[PDB]
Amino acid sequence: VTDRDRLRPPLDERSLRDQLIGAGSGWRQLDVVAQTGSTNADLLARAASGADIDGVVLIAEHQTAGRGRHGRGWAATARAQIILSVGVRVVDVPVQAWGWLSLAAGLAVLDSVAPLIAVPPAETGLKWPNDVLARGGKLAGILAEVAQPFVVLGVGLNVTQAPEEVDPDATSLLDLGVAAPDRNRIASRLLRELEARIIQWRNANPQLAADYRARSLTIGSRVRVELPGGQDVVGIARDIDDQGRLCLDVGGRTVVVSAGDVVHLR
């Protein structure tokens, strides 16, 4: 809406570089572009042309052809979200562990905005795989795409984004009660949390798995999992395995799912 613009000042690129790039930091490069098709696609194109995208951050004020999982899309209006992609070198890590990189990303996004919201802890957390949920609404979406030897990690976070402009099941920090959210503070806090989680993933830190289970909204609840190909499986989510796959209890039978859309059954 018109009035939400006034709550959307531009991102300060120079300020973000001062905080996030330098000694003690793993980020090598940060850029803020006014508009692009997809930040994921852009970093994928860089890697495809020989660039070392490891530790490289790309942020866009607006995204016109955003990507979702399973060939879906991601909607956004200008300066209403934090829209970024980072590059991570993953070739030194066993392929079976790559699934945890996505979960670690959602963990970092959650921790960056969790204190800002005034919602009971039982309805704020991660829906498997890495959907950031708050009061039943989707606060953020994460997308991981492979470009050897890199994985491009994409984060779309609704800051002042109006649900009516993107999705009925969507929510934002503004719609959660946060009056005047500062994208500069949040982006800085996000990328520092993200740096920590990536390092934890790369070193197989068990603290990573323990922190996910403590924030999981899926584990313990009855769910319907929409599998790739259009098949549905109803059961109770019990745990995450060593590959970041969801373990389902289906009438005593264990079903491990590597990919799919989870619906918490109310």
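Note that the rigid core is defined as the largest set of C-alphas that superpose within 1.5 Å between two forms. Residues carry their position along the shown sequence, with the first being 1.
Between 138 to 146 and 121 to 129, which one strays more from this form in 8 other deposited structures of this protein if you match the rigid core and compare Cα atoms? Comparing 121 to 129 with 138 to 146, the one that moves more in 8 other deposited structures of this protein is 121 to 129.
Higher average CA B factor in the deposited record is what I'm after, so tell me if that's 52 to 60 or 23 to 31. Between 52 to 60 and 23 to 31, it is 23 to 31.
Looking at the entry, does 106 to 114 or 178 to 186 show the higher mean C-alpha B-factor? Stretch with the greater average CA B-factor: 178 to 186.
Using only the C-alpha B-factors in the record, can you name which of 75, 126, 194, 119 has the highest? Of the options given, 119 has the highest CA B-factor in the PDB entry.
In terms of CA temperature factor as recorded, identify the highest of 66, 235, 230, 220. Within the set 66, 235, 230, 220, 230 shows the top C-alpha B-factor.
Sorting the chain's modelled residues by C-alpha B-factor, tell me whether residue 89 ends up in the lowest, middle or highest third. Residue 89: CA B-factor falls in the middle third of its chain.
Lowest, middle or highest third: where is residue 70 by C-alpha B factor in its chain? Highest third - that is where residue 70 ends up once the chain's C-alpha B-factors are sorted.
Using only modelled residues of the chain, where does the Cα B factor of residue 226 rank: lowest third, middle third or highest third? Residue 226: CA B-factor falls in the highest third of its chain.
Ranked by Cα temperature factor within the chain, is residue 214 in the lowest third, the middle third or the highest third? Within its chain, residue 214 is a middle-third residue by C-alpha B-factor, going by the deposited values.
Ordered by C-alpha B-factor within the chain, which third holds residue 143? Give me lowest, middle or highest, please. According to the entry, residue 143 has a C-alpha B-factor in the chain's lowest third.
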